[PDB]
Amino acid sequence: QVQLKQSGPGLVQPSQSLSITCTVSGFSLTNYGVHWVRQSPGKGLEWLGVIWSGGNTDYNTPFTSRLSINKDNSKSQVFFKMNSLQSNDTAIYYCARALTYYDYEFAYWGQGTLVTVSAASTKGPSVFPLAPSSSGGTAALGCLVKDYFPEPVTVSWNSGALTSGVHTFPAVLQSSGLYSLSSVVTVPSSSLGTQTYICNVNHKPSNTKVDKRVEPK
Amino acid sequence: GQXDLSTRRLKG
Amino acid sequence: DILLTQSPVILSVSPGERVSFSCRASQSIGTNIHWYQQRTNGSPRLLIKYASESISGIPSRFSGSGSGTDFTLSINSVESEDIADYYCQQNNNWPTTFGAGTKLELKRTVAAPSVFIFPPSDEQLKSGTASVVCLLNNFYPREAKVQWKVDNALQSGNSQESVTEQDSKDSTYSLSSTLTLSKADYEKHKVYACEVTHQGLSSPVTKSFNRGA
């Protein structure tokens, strides 16, 4: 069906440019316009601009100077570029398509690109096990994803096959300037002997991809 | 009332 | 631009109840308004286009009404899966603008938490740092207190809490409290306790371990 898949989450240094690629499928860029919307702490949902079927572009008034949108119809790719970013440009940027080619009711969205504007350096996390031991036949276990920058980090269990009972807590910013979160899952104690439990940690900004096996100590 | 980047949810 | 004022900031109801979302425009925008749902870590989801028109794949309990400056999004029989933020978007005037949103919380019966304490791994101790984690699993309401003690010494300022959003199925919360110590500090002590205070517990629950066993 109709899908919009954006490029991976990124860190941008202050005063430098942001570049995002929106690859579409299920429709042709010649028949629909692609809009760009961001969601920031200080302004919430904000419409940035759009590239139409025929190639024309409109940019929202505060971005006419530093916003630039292009596309490659044959490759089904739309290219978002914004210049001279600052801290209040830290937001989740979406590409979106409307129901009709001319309208603005966005029925299809990209997964979003979390953009962090910071002078700090990228840092991959360390994954530590939260080992169960000796609750009425229910054992809790998890992984500690510690000391990474910037956000985000993806955590699944058993390559996605284990979702029931999973809780992935929001990241907390430590005093060191690095993020840290945990992901837990509750399982039957009896399964701890005949089942393997792996957390799949992936920190795309640092290309850190780690699978941690969590066993009873 | 503000949007939190860590959850895509409104917090305060 | 057009200012959209959503009201209230937070809505708290019980499953099966009726719930309405207010979106007021700074001037008449006719019916040119669209509603959006956004779950945790998700993208906006189109619920209603042009104040009242239905959207494909949207449950029939979602409907919208209103015209001019006062618009309403309604859920007749709200369900646990409806826990999300809800935004309105106008497009009668350029550029299209969004509201600030309304958070939809769901009331449910009190649930005592399941508490689990996790010692630091031997792997992390090699890095010169000890992290002790206490898990408060599937509880309601959100209010909860975690008290750390190290050899009966009250810990303060050296822990951080993280709380999940409401679960889409059982509407409960989960909390993780991480006590962080230097490895030297951790090795100088034995008893590591996590005391949990919650409305669903008649008495505080304490999970603890001794460093080593």
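Its PDB header names X-ray crystallography as the technique used to obtain the model and reports a resolution of 2.510 Å.

## Comments concerning the state of the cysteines
Residue and element names in this part refer to chain A. The tally for this structure, following the rule as stated, stands at four disulfides over all chains. Each sulfur of the disulfide joining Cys22 and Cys95 lies 2.0 Å from the other. As the torsion about the S-S bond is roughly 80 degrees, the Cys22-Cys95 disulfide counts as right-handed. Pair noted here: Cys22 is in strand β3 (residues 18-25) and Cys95 is in strand β9 (residues 91-98), with a separation of 73 residues, a long-range link. Each member of the pair, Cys22 as well as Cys95, carries the same accessibility label: buried.

## Examining the domain arrangement of chain C
Residue and element names in this part refer to chain C. With domains assigned, chain C is organised as domain 1 (1-108) and domain 2 (109-213). Centre-to-centre separation of domain 1 and domain 2, based on C-alpha positions: 38 Å. Across the boundary between the two partners, domain 1 contributes nine residues, which contact 12 residues of domain 2. In terms of residue class, the side of domain 1 that touches domain 2 is made up of two nonpolar, two polar and five charged.

## Quick word on the pattern of salt bridges
Under the counting rule described, the total for this entry stands at 15 salt bridges over all chains. Residue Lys146 of chain A pairs with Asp147 of chain A through a salt bridge whose shortest N-O separation is 3.0 Å. An identical accessibility class is assigned to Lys146 of chain A and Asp147 of chain A; each is buried. Between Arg24 of chain C and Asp70 of chain C there is a salt bridge whose closest N-O contact spans 3.5 Å. Of this pair, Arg24 of chain C sits in strand β3 (residues 19-25) while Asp70 of chain C is found in strand β7 (residues 70-75), placing the two residues 46 residues apart along the sequence. Ionic contacts of the salt-bridge type, sharing partners, join the residues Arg38, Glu46, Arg66 and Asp89 of chain A into one network.

## Some details on the interface of chain C and chain B
Contact residues are listed per partner, giving 17 residues for chain C and seven residues for chain B. Ranking the residues of chain C by area buried against chain B places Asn41, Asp85 and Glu165 of chain C at the top, with a combined share of 38%. Our enumeration of links across chain C and chain B arrives at two salt bridges. A salt bridge links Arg9 of chain B to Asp85 of chain C, with the nearest nitrogen and oxygen atoms 2.9 Å apart. Applying the counting rule to chain C against chain B returns five residue pairs in polar contact. For the side of chain C that touches chain B, the secondary structure elements donating two or more residues are β8 (85-90) and β10 (102-106) of chain C. Residues of the side of chain C that touches chain B, tallied by class, amount to five nonpolar, seven polar and five charged.

## Topic: the interface of chain C and chain A
Taken together, the contacts link 38 residues of chain C with 40 residues of chain A. Regarding the contact of chain C and chain A, the summed buried area is about 3200 Å², with carbon and sulfur atoms giving 63% of it. Three residues, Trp94, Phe98 and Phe118 of chain C, lead the burial of chain C against chain A; their summed loss comes to 18% of the area buried on that side. There are two salt bridges connecting chain C and chain A. Seen at the junction of chain C and chain A, the total is 14 residue pairs in polar contact. Among the secondary structure elements, those contributing two or more residues to the side of chain C that touches chain A are β4 (33-38), β8, β11 (114-118), α1 (122-125), β12 (129-139), β15 (159-163) and β16 (173-182) of chain C. In terms of residues, the side of chain C that touches chain A owes the most to one element, β12 of chain C, which gives six residues. Of the residues assigned to the side of chain C that touches chain A, the class counts are 16 nonpolar, 18 polar and four charged.

## A look at the sheet that holds strand β1 (residues 3-6) of chain A
All names here are of chain A. Read from one edge to the other, the open sheet built from four strands follows the order β1-β3-β8-β7, with strand pairing classed as antiparallel. Across the chains shown, the open sheet's two edge strands, defined by having one partner strand only, are β1 and β7 (67-72). Across this sheet, the average inter-strand angle for adjacent strands is 20 degrees, counted without regard to direction. Two elements, β1 and β3, share four bridges in a ladder whose sense is antiparallel. Bridge assignment links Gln6 to a residue of β3, and that residue is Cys22.

## Here's the deal with the pairing of strand β4 (residues 34-40) of chain A
Residues and elements named next belong to chain A. The element β4 is extensively covered by neighbouring structure, given that seven of its seven residues are classed as buried. A two-sided burial pattern is seen for β4, the buried positions comprising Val34, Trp36, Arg38 and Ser40 on one face and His35, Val37 and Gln39 on the other. In textbook terms, the turn of a hairpin is the stretch between consecutive antiparallel strands, and for β4 and strand β5 (residues 44-51) this stretch comprises three residues. Two strands pair when backbone bridges link them, and β4 and β9 are joined in this way by six bridges, in the antiparallel orientation. Directly across from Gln39, in β9, lies its bridge partner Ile92.

## Section: the sheet that holds strand β1 (residues 4-7) of chain C
Residues and elements named next belong to chain C. Taken together, the four strands give an open sheet; going across it, the order is β1-β3-β7-β6, and neighbouring strands pair in antiparallel fashion. At either margin of the open sheet sits one strand with a lone partner, and together these are β1 and β6 (62-67). Here the strands of the sheet are splayed against their neighbours by 20 degrees on average, with no regard to which way each runs. Of the strand pairs in this sheet, β1 and β3 are connected by four bridges, and their pairing is antiparallel. The partner of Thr5 across the bridge, within β3, is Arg24.

The rules behind these values
Residues numbered from 1 in each chain as written, not as in the entry; some residues may be left out. Chains lettered and ligands numbered in written order. Heavy atoms only, no water. Residues with missing side-chain atoms left out of burial classes, pairs and counts. Disulfide = S-S within 2.5 Å. Helix = DSSP H or I, 4+ residues; strand = E, 2+ residues; numbered from the N terminus. Buried < 20%, exposed > 50% of the residue type's maximum accessible area, 1.4 Å probe, protein only. Domains from an automatic or database assignment. Contact = heavy atoms within 4.5 Å. Nonpolar A, V, L, I, M, F, W, Y, C, P; charged D, E, K, R; others polar. Salt bridge = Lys/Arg side-chain N within 4 Å of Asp/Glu carboxyl O. Buried area = accessible area lost by both parts, 1.4 Å probe. Polar contact = N/O pair within 3.5 Å; in protein donor to acceptor, adjacent residues only side chain to side chain. Pairing = 2+ DSSP bridges. Axes fitted to C-alpha atoms, helices over the stretch in contact; angles between N-to-C directions.

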